[PDB]
Amino acid sequence: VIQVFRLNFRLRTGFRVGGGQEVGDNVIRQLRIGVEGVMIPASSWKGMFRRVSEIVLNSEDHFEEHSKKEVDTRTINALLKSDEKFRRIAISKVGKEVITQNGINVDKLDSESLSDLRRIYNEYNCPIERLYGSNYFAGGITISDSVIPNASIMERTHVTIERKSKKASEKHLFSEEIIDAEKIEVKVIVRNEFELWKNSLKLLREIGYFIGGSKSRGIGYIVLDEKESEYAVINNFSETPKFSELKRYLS
Amino acid sequence: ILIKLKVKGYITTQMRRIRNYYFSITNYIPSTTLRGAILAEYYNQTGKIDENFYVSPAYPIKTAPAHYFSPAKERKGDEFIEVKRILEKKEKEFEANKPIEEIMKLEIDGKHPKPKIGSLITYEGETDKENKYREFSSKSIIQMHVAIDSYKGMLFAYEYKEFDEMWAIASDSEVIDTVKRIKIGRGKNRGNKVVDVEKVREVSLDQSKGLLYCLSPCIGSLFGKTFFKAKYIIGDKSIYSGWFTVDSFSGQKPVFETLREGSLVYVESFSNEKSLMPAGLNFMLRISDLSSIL
Amino acid sequence: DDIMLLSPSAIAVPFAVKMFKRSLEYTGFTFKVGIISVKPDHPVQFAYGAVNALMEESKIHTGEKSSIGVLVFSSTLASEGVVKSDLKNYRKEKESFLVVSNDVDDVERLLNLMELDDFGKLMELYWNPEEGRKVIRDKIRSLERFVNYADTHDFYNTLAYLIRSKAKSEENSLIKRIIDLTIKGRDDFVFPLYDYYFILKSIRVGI
Amino acid sequence: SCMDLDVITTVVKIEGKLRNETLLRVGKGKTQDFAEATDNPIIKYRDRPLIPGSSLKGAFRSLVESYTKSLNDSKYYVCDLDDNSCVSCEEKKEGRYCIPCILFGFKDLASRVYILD
Amino acid sequence: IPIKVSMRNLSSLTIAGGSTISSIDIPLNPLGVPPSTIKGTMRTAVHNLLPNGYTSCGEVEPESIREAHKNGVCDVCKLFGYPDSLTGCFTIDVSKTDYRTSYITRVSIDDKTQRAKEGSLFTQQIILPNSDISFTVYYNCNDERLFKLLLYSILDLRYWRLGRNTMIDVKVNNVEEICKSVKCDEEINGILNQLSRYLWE
Amino acid sequence: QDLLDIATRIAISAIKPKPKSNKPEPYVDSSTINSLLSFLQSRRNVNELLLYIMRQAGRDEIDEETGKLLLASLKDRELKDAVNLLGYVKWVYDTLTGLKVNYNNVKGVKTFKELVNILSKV
Amino acid sequence: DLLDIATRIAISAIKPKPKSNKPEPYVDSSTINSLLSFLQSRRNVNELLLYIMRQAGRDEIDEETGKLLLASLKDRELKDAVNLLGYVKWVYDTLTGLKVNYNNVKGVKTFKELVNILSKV
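This is how it looks when you write it as structure tokens:
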């Protein structure tokens, strides 16, 4: 099953996602394109979504990189003989010779292969990894960027105030760009119909998270709406997908 | 009959499989590979294939393999010279009892050149009797690929070659009439960019007794089957790894070392056996000079 | 006349510089030297052919000075044809960033500017990649950024950005020194930028 | 350990309306930067006057620093903004903490209280 | 039977090729997008999204491919070719070139704090979005079920990543000649109509 | 290249020293051109940018001749080329200011390559 | 568009003021700043029209300029009025700073024409 989403966010004021910012410091430059103007990279979207999902799940296992307990090799063998896809992943990663069809081949195993198998087990047993992928995991979520034809860019300067005496500190003149916007359109495709994804979207509905730099300074705050945003669930490959209001899916 | 190939793209050539990598070996395209591609296209179109088909190896347009009497004036450069109508000015005395060591005197002037038989040479200009030439250098790239089922398990690599318009001589047949573009290379279903075959004016070259420029890697005899005898052979040894059908069982990958392409051989008699042109070899011909491309 | 060496990448270029600084003093013959850096799994014969081609191409036309060419194969196999194609494509005689034919003293000045001539510093970075990678990345990040922008735009735009970077550089900084070494002393619009970047990249990948 | 941003236990959102008592003048970072108004105009978001989030954050941080210094406690300190040797909290053997650093962050630690426009 | 397919990336699509002269952390193929990338990505999408009534090896090891082919069907493997049995089934070629380029960089934010990790900064070369890519899929065999499988492959390519998890939208610019050639089936017509326009208007 | 030549002509026009000044300052200030670029970015309209530069010229804050050249250049330009031209102008002006190049050196250089030749020599 | 209206209004307002011993436009920059400030403070268009009418009646605003302003600022949104007033102020300031003679500038009715005139000389 493939779940297709077209999310829209009514962000307060503007946002800013910088990059490179040349040299010489001075102003802060938001990343450009050259032709399309400005955009939000898909990697930033994925990072924000991973942060939101991690907040939603609140899994202690995920907090310590899934390295807090020793996984018995018997359990690993049981999962390997019980899950065909997990066995295929392990064989494709550590090698067919190392892991036979039935068994672990302890004689050929060593420290690093065992560590890799344990990490694979831990990450495969984590919903966040199963959704967003990992170093060896397939993935599960594809996020497009949000290139905006609008290029309205204003500059919001800043100054530091000496605490000992309330005046401008003549040491630097911080200058920060800001991209004013009202509706950020991002297309998201998820290949894992996870209640984690629904819960993350639900959290974004009411609380809402920040995106971009200087979020501590009122720059970048998105909130998902249930009116403009729309979704689509695909289970049959012989029918044209149908989009409907996101409220029905989320509420 | 002449053919034209508007390649202008990256294609592969003779590969030297290393571990799991593949490397370009021949800067040119061998006749066998071409013939295989042109016959595969016939098979795709109809399926009825014929072994009476021969095609000369293609070379970059306005290029040719080097022979002994076409050396480079510099020991390390790439500038080649030769005398107009050299083979007519050469040979000739081969009928007479003229010492060959005296015949192959390349010291026309001081600091006599050194030849590199079997290298791609491009015609440059007239420059009185000594024609200007330049060695041909092509463009090559490396295309490495990964192996997944999402997650890597192995690795592979390839080396492609860039070519301009290509020319070759084939057999007069409806095959070229009915075939227009040919997938060529190690990976025919993966990695081709653009291929096509253009028919052009018919070519009538004569093969008879006398000194002949062996365009293909000629072979004097095989399995005792004597094809021709040569008074003096000037060239280099080559290794052949190709394809030929002997009608009945087997008939693939016969490995027999041969003469390097562009070798000069003074053949004085032939035989009427099964010609090896369809096997991609023995494409000699009488030429006045390298200007025979015209 | 035949010299072949397979020193580790973390010490190769400084080794060549120290060896060929006094080549005229010792033998009196100028040397054309080609240096490459391939992964260990790379085939050896094709690497030999490619490095021979690079050495032949990196020949000073005057012939009164030795030449050192550096070319790192990070994620690409090496062959003579590939080297020829790359040199014919990127390197040129009017507006180029790949000099290839680099004087030894220029590389010596570059190493002195980068504090890499001393073998003690090289070995300290070599034996401890934990700090070595960080130190070499700090030393190479600015040059890598310049080469990145070079790959973004054409020759004129790249030169404009280089001059801008030189302009916006505080006193006693390394960026101004590197840019001045690159620009000053070049007659045509030929500037060793890819060359210096690859010289640094050899040591960078050596650890 | 004051770097607990990896694990989020609770999130509280404060929503309200700020009404100025006196003649509120916006920061006007647009120093000698006219856009569509006379002389030096106050900043505004699409012709709508806007209080900068940075200004409120700076005022709040100044107030918090004043409070912390008024506490006069060894366990709680405030470090200079320009200093790069400051740390948020010290787990040396009970430890020291920086209240403004905890709240609005520092170079070593990001903020915990976000303020919008 | 030619299939003139035009694909336009929905994000900052990029692939890593290689060059001796390169500085960007993420390189790019000198020619552009190779047919091998498209073919492998399509096979992966088919195996992961397998339409009903078909069989997929889903294997990387050629020995594992042979072991799966011990029974010897692997509909997907037949469509993409046996390792050593069939000459081939279909070909992919790309004509358009000269894409747009820009260098960007990415960081890795710390988990315990919310600041970027010191030394986790790497760059990436990308192709600008909304750039059209045209490639033709020449299916030379004579089979209708395999042709339907190939059409399903192209359709599933839409719901699939292509390079650094970059979203794509496939469009078919030929329905008339496809229907005119052979097997203008109602299901074929429906899927071709579905592929005729972009998923995202 | 050609935009580079236009930008360097603009920059050498703008590098003319401001008379009756205590310090040897350029006629056009860095903040002024920065404001030009920022205003063009925020206000995506070439006519509004022309009005802005005209007002700045009337304010005696930028050179009259430089303003004339800017108005002539951007008289009938689009936005995409206008922002590129302003960026190039910013680059070349910053290079001139940092390099401490006086007007008498550049004088009337017409080609950017000649300017970089001078910079390489100097 | 709005820029053409603003240019025509500024040209009408820059005509020399008779019975004035010094060469100056009929209106002053103080009047334009007062117009903008009044519109900003009162946030009403009819009040702005009243202000314009009173300023015209004070024998300090040209009657043709006042008629142009009243014609433009009716059945018009507040934002559009603000934009038009800003354009008028900027054009007037440009003309004042450049010391453009009214004689050779009264014959243009298009903003592009004014731009061409300024660029040519």
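Chains as they are written, first to last, in the deposited numbering: chain N, 2 to 252; chain M, 2 to 150, 156 to 300; chain K, 623 to 829; chain F, 2 to 94, 101 to 124; chain L, 2 to 202; chain E, 18 to 139; chain D, 19 to 139.
Note that beta-carbon positions come from the ideal geometry of N, C-alpha and C, so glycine has one too.
Annotated three-state conformation of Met43 (chain L) is helix, per DSSP.
Inter-residue distance for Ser45 (chain N) and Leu8 (chain N) is about 15 Å (C-alpha atoms, whole angstroms). Remark: C-beta atoms of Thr92 (chain L) and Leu116 (chain F) do not approach each other more closely than 8 Å.
No Cβ of chain K is located within less than 8 Å of the beta carbon of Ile127 (chain L).
Going by beta carbons, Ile185 (chain N) and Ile223 (chain N) fall inside the 8 Å limit.
Contact of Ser30 (chain E) with chain F is not assigned, every C-beta pair being separated by 8 Å or more. By the neighbour-count definition (other C-beta atoms within 10 Å, threshold 16), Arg60 (chain D) is an exposed residue. Within its own chain, no residue has a Cβ closer than 8 Å to the Cβ of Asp740 (chain K) once the five positions on either side in sequence are excluded.
Not a single CB atom of chain M sits nearer than 8 Å to the CB of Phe820 (chain K).
Taking 8 Å as the upper bound for CB-CB distance, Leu225 (chain N) and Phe10 (chain N) are in contact here, some 6 Å apart. Excluding five sequence positions before and after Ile758 (chain K), the CB atoms of its chain that fall closer than 7 Å to its own CB belong to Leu747, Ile825, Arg826 and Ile829, given in chain order. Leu88 (chain E) reaches chain D at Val133, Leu136 and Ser137, counting residues in chain order whose Cβ is nearer than 7 Å. When the alpha-carbon of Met626 (chain K) is set against those of K:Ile658, K:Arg786 and K:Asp708, the nearest one is in K:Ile658.
The three-state secondary structure of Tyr69 (chain E), taken from DSSP, is helix. Using a 10 angstroms sphere on the CB of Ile3 (chain N), the tally of other CB atoms reaches 16 or more, which defines it as buried. Put simply, the CB of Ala73 (chain M) is far from chain K, with every gap to its CB atoms at 8 Å or more. Non-local C-beta neighbours of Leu20 (chain E) in its own chain, meaning closer than 8 Å and more than five positions away in sequence, comprise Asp98, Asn101, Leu102 and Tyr105, ordered along the chain.
Put simply, the backbone Cα of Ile128 (chain L) is about 5 Å away from that of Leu14 (chain L). In the DSSP secondary-structure assignment, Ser227 (chain M) is bridged to M:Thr232.
A residue is called buried when at least 16 other Cβ atoms come within 10 angstroms of its Cβ; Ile109 (chain M) does not meet this threshold and is exposed.
According to the DSSP secondary-structure assignment, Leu217 (chain M) is paired through a beta bridge with M:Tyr272. Nearest to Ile29 (chain N) by C-alpha distance, out of N:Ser215, N:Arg88, N:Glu65 and N:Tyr125, is N:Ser215. Using a CB distance cut-off of 8 Å, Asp34 (chain F) counts as an interface residue toward chain E.
Contact between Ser197 (chain L) and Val173 (chain L) holds, since their C-beta atoms are separated by about 6 Å, short of 8 Å. With at least 16 other beta carbons inside 10 angstroms of its own, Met172 (chain M) counts as buried.
Residue pairing from DSSP places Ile134 (chain L) in a beta bridge opposite L:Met8.
For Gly115 (chain E), the uninterrupted alpha helix (DSSP H) segment begins and ends at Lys97 to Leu116. Distance from the CA atom of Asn28 (chain M) to the CA atom of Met43 (chain L), rounded to whole angstroms, is 33 Å. Contact annotation: in the stretch 156 to 173 of chain M, residues whose CB is within less than 9 Å of a CB in chain N are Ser156, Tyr157, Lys158 and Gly159.
In this structure, the CA atom of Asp81 (chain F) is about 16 Å from the CA atom of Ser71 (chain F).
Not flagged as an interface residue toward chain D: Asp80 (chain E), since no C-beta distance is shorter than 8 Å. Within the same chain, and ignoring the five residues on either side of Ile26 (chain M) in sequence, the residues whose Cβ sits closer than 8 Å to its Cβ are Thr14, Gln15, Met16 and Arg17. Sequence-distant partners of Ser245 (chain N) (beyond 5 residues in either direction) whose C-beta falls short of 8 Å from its own C-beta, in its chain, are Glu231, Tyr232 and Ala233. From the listed residues K:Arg713, K:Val729, K:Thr804 and K:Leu796, the smallest Cα separation to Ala638 (chain K) is found for K:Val729.
Taking 8 Å as the threshold, the shortest C-beta distance from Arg786 (chain K) to chain E falls below it. Under the three-state reduction of DSSP, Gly257 (chain M) is assigned to coil, being neither helix nor strand.
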